[PDB]
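Just one chain is shown here, as structure tokens, and it is the form deposited in one PDB entry.
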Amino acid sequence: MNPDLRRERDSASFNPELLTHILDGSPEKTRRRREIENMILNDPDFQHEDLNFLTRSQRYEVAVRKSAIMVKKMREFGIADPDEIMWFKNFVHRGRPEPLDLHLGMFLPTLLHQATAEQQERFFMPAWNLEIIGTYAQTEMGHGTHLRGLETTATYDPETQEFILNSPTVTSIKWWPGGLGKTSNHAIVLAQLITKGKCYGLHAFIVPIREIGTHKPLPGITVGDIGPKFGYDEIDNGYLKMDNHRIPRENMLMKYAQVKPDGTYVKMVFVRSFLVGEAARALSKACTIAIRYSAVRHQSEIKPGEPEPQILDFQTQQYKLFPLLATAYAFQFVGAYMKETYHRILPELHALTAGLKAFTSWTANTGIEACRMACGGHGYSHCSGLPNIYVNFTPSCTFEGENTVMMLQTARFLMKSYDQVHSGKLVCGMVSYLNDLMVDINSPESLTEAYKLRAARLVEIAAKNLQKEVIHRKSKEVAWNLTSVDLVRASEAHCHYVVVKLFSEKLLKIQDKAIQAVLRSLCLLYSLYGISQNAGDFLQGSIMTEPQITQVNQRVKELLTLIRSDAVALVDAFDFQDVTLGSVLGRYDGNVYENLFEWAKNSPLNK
């Protein structure tokens, strides 16, 4: 072990083992997760050349093969709990996305929960056996956010009792779906339903796209890879063009609506919750690499005659990393809170889940790159593992609701809540602070209240600005568009308050007093950093005075010093194995330099 890391670990104020239990949810969840990862770690079937050394084609081949053996192995070892499947999937794929994600994550769940019994007979087992490989084709070249503008049609033919699936234009072609290019022989296709001569809107269809066995595209199917991307090298993100392709009537998903044989027409928070936890995980891994490597890397001078200190001793380096470390923990607890209240429980839930998806993904996105730039040159090399974490996490800000649009869906629920209050009614939950229309900087409860007042101020500015535009502009929709920057600021401040409140609240449930102490130092640093970084939002409305902002900035610098001796153990508690970080700089043992020279010598331009 590198003696800087052993020393850092020996001087910690808390037992990281106990903090891993808190993050997993219980000691048994830690044991069960470690057992699953340790099932995989030395399995040769899950070993391969470093993926940064391979072509995109080879990376795709490696990932598809792993996803197959892994479906087989999970069944052999009888792993079947949804948490456990995800522990297994995560560790097999080492942070990379995996080509059966849509089959296992959308196609199979959709069959079990949205398909008819006769659809399940026909499709479910061949899908579970990977005889049928499925994807979900929603987005078109021309439309992703506005699904009402999707051009794909499903036209009912009563003479043959089929749906005719059509891509009438180049923009109409399905674009992005994972596994669509090369892997899948079936797709669930979102299409505008036309029956008689009327459109009834968006409905979902099971569409065979390739021959089972041969994998040849069916007549009237054009399908392929959309080409290389910033990341997702391992995923055959694909296009699908349908030329009036016919399917049985009975391939429509009729859970909420039906077409009769004569043509008559009768009348997710899970994934956004998962994405907050993925934001936590990605930022956590990035903080682990950069903080360990900051404890290993010596550079430059503080005391002029003295040896090069660890760069983590520089107040600037602390300022780059510790507020991210605090942010990581905060997001870990927001992700847990939302997972544990989705099973408990709605307009607020939808609004809250959209906003936190956007808030956590944006903030983690920026975090990861600040972590990479904090390592200096070696950060930029794939030896850091930080480029792959960035490029594979960043599309979280665009898919499953583009972040700006999500914040506007949040703002709609905040304006609805504002109008409810000013019309004399009462609102509930996280927006209950809208009913009410001097800070102690070492109190999480007191900073939560500061963040509450910031949100109420920005929500009232958005409402009033909106009210003036509604009175002045030619349409309410123009008024909305011309208030949209202020509506996003309101949704943002709302989300930031929710994160402070949830992290503050978690502290009271920590049983171990040493862990409660260091999490409180993270919760205070998160809250105080956010005030420092948004001072104007606390100064206006007189929520806080200039002297208090001075004291906020003094306390942030002290918290950096408090956190320094606990930083390594705090990232150690995330419990990422070296193979999950993919990082020479961030190895558990801190032996970077001998391993960097090996990695570099073995790399491809030296054959």
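C-alpha atoms forming the largest set that superposes within 1.5 Å between two forms make up the rigid core. So that there is no doubt, residue numbering starts at 1 and follows the sequence shown.
The protein also exists as the form deposited in another entry; that form is not presented, and the subsequent description refers to it.
Superposing the rigid core between the shown form and the other one leaves a single residue from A280, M407, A115, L414 with a C-alpha shift of at least 2 Å: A115. In the core-superposed comparison between the shown form and the other one, the C-alpha atom of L507 has shifted by less than 2 angstroms. Core-superposed comparison between the shown form and the other one: the Cα of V259 travels 2 Å or more. If you fit the rigid core between the shown form and the other one, you'll see the Cα of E306 move by less than 2 angstroms.
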